[PDB]
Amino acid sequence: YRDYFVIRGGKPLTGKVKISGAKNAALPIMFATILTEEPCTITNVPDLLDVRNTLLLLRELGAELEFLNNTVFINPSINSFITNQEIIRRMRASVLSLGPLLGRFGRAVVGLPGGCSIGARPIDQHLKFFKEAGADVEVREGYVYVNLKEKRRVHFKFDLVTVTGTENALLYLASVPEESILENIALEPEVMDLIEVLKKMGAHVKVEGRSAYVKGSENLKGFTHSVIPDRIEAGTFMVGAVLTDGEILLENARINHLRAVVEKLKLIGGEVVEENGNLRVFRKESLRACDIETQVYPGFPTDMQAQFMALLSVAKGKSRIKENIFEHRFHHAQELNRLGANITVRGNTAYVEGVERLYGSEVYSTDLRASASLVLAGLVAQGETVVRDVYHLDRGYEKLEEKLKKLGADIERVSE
């Protein structure tokens, strides 16, 4: 659909906002249900497009489920191991179905992801792991055909840190009745949340440094779990508060999943005060430039890069923002320039020369997470900002415009 936002800037964000469950924790956790025949219950699952597409895939695979009150009730009656190309083209993370399906049937046919606006994003590490696991892997008809003669212990080291690569490996190993080892894994909170679920199902998982020791099982149980809060949504609203010089209280967020974000926010001039579990955020000092480099967790999230770039576009001084994760992820920089920003891009590094003010205009969303930066900029840009193709934002945030409206943003959605 061609829905879009109309943001009339000039209002400070003030008030409470309830942070939703983590989209990227819910996804792998839902795919984990494929590992058992027993019923599972997953709560605090956000109602956003990626979750809905995942549920559609599970139903296509044979599962019986319901999604009500941010809770997924599923009977994992999987009777197929084919993840079609259409679903993969709609959400490349559907590749997470590979590990579970292989662990359940010893076979899987999953469409190979195509390019993405964020980058080529190949999955060589995923395929490399499964080959190291002893599976026969062949690409035909744009599908990855994986066949496993027999499950055996695995000792694999990732050539680079990959979030879903780590998750796909863990999902499979959880089904192998032997002791396996993964080295150089991702430590993102979502990966840790998936790990708790796999343990609840019966697998043993020990994390030391970036190594994961796994002892799987062929009789995994059903589980009940409440997914962690979404740290990217939380960070986004924090930026919103500082940028608009408002004062917000985030409810249901986790400060322990936001260290790098809070650190940079304070360097820029914002402040974050913890009240019990709540986080009160506001601007303490005038905005100032700061250098930022994205890194795998616990470092600064690439998923928060665009949002901070919007904040820095109106800060005093020149900021350097380098991407070490998705080096191509800068489409938003030029959209911000359309609002009067002064951002330059040279390779994997962007330089932001702060300007006194932004001027509202039409900008296009293209990144389910990074495009939130456009909404943020629209909150302070002079006049009105039109954010096109919010379909992307609907994939990455639950009721974004509604939460902003509740905080005083003069935003509205035009269904088209």
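The first residue of the shown sequence is 1; numbering continues from there.
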{"item": "Greater mean Cα temperature factor according to the PDB record, 65 to 73 or 384 to 392", "value": "65 to 73"}
{"item": "Of 134 to 142 and 199 to 207, the stretch whose C-alpha atoms average the higher B-factor in the entry", "value": "134 to 142"}
{"item": "Residue with highest C-alpha B-factor in the PDB entry, from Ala93, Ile78, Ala174, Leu312", "value": "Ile78"}
{"item": "Options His257, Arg107, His126, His331 - largest CA temperature factor per the record", "value": "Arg107"}
{"item": "B-factor third for the C-alpha atom of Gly378 within its chain", "value": "lowest"}
{"item": "Chain thirds of CA B-factor: placement of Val242", "value": "lowest"}
{"item": "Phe282, C-alpha B-factor rank within chain (lowest, middle or highest third)", "value": "middle"}
{"item": "Chain-relative CA temperature factor third for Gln295", "value": "middle"}
{"item": "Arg121 - Cα temperature factor, lowest/middle/highest third of chain", "value": "lowest"}
